Structures are given as structure tokens and as C-alpha cells.
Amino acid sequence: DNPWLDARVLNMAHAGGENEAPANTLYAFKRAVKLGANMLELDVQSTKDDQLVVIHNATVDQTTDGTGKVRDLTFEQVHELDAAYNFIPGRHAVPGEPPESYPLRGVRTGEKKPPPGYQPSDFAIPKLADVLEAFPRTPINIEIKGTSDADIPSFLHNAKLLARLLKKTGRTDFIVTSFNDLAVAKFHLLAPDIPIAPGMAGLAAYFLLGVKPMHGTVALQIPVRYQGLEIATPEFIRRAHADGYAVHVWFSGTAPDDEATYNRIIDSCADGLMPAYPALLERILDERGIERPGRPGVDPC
């Protein structure tokens, strides 16, 4: 009796929609919900002063105008940065290109008017607390990040910080995960009432050998392909559902962000997709009349 098996089909904005909007910004998130996304996917790191901010990389270089590790800088240092400084529609964030490539560079900083309905703070690195305040009713998928693949304490620390904040909200409509299994395990010990999805080790043990993942796991969040191996296949998704696990599929290089690819995944009975183009997926789901939570529609299986 797992309520996430009934939550389908989900349009989960990947970082708010990294190809249609500046990733991990209050703008991208607010936009993504207005377009009808069922859930927000985001990434969290911590500042020098133990503040959980929403940002994927461990450095601010790629998505902003600054430099250095997030853990190395004040929250006030990082809130001043232009979090759309390198955003190009259809290409996420690529620095070092002609300045007219970036339609939102400069609105955070005050040199260009914000789009109708938004203020400059909507284009900075936000506190996770701010996002939770802005979306009290919207479910949030939260991935724990670290500063390096060898710096395991940094993951463990963010998991400690995340459990505290999330316990204070008294909400349980989250899914918390990370690539680092220890970090998920540490989070599950400190916040046992928050749903989780396993790390790579848990994922591989379940996928390659059938070892059921950590208790409290309520979905598997998988790429489409991994090192040449097709992961989001109907046969695998059939097996996960049989064991009582929802399946959410992300892309981010492992497969295109296509109409065709999205449709393959929908047809494979995935319960949620994590698109870089969430507006696109909405159009696809609406045209196909696919069932959504609380909305009538057809089941692809």
C-alpha cells in the first residue's frame, strides 16, 4: 500500500526545467508550477555558514558570474550572484559565449527589467527554506549533493542539515535522495518519516542482482541508459512495480530530451518523468490525454 504508485503520470520539473528556464531558481520553479508540473526536482548544497541553498554543482562557476566552492562562501556572498548569468534556452548553462546569447543575464543584478510577474530575487540562488515557503502545497524531490566524489563527509553533512529543516516543516510530501548511499542512509536515520529513493549502490544491487533496496524506499529514480545499458525498460519497470516501487526517469545526457524519448518512457509505464523541457512534456501529456493525479485520463498500460 504505497501511495506513490497512484501518483502518475508525474511531470517533475528537472531543476525547474534547466533548458526552458535558469536551473534551480525561484523563477524556474514558479514558472514550472504555473505550467502544470506536478512536482519540483532540485539539488541542494550548503554554504560556509550551514545554509541549504538550491544549486547542482559544488561550484558557482557554471550557473553564475562568480567563482569558488559553495561551501567556501557566505550565503550573502552567493545570494548576490546572477543565477541566470549563463542560461541559454535549449542549452542549460554554458559560459563564455557572446553576451546577447543570454536573455536573462542581468535581471538579478538589476540591469535588465524582470519578466512580468517576477522580482530580481527570483533569479538568484535560493535557500531551500525559501523554496519550501513558496510551495507549501507542491511536492518536492530533493537530491543531496557534495563537494567532490571523494569528499563523503560533505554529503553526510548536507544530509544532517536537510533532515533538520525538513523535520521542522512537518511535511512528508518529499522524496529525498542522493547519488551517495551513505548520505541517504544517514538522512533516513535522522528523518525516518520522509520517503527516500536509493543511491547508485542500492540501484545497482536492485537492477543487476535483484537485491531489494533500503527500507523506506518508495520509488526508484533511474536514468534512461547507463554506460551503454538500457535502464528504463518496460521489463525493469514491470519488476519494480511488482515489488511495490514507483519508477521516475531522468535524462540529463543519458538520453535526449525529445518528444520521441519522452513518449518511449511514458509507454514503458514510468510513473514520473524529469524533463529539461517541462512545458514540452505538458503539451505531450495533454495531447495524449494521459492520466494525471486528480485528473481523468488514460493509462498507457
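Note that residue numbering begins at 1 and tracks the sequence as displayed.
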In the PDB record, does 62-70 or 272-280 carry the higher mean Cα temperature factor? 62-70
Per the deposited entry, the peak Cα B-factor within the set 223, 99, 90, 199 goes to 99
Of the options 203, 175, 229, 184, which has the highest CA B factor as deposited? 229
Please rank the C-alpha B-factors of the chain's modelled residues and tell me whether residue 180 sits in the lowest, middle or highest third. lowest
Residue 254: which third of its chain by C-alpha temperature factor? middle
Give the position of residue 195 by CA B-factor within its chain, expressed as the lowest, middle or highest third. middle
Select lowest, middle or highest to describe the third in which the CA B-factor of residue 82 falls within its chain in this entry. highest
Compared with the other modelled residues in the chain, in which third is the CA B-factor of residue 47? highest
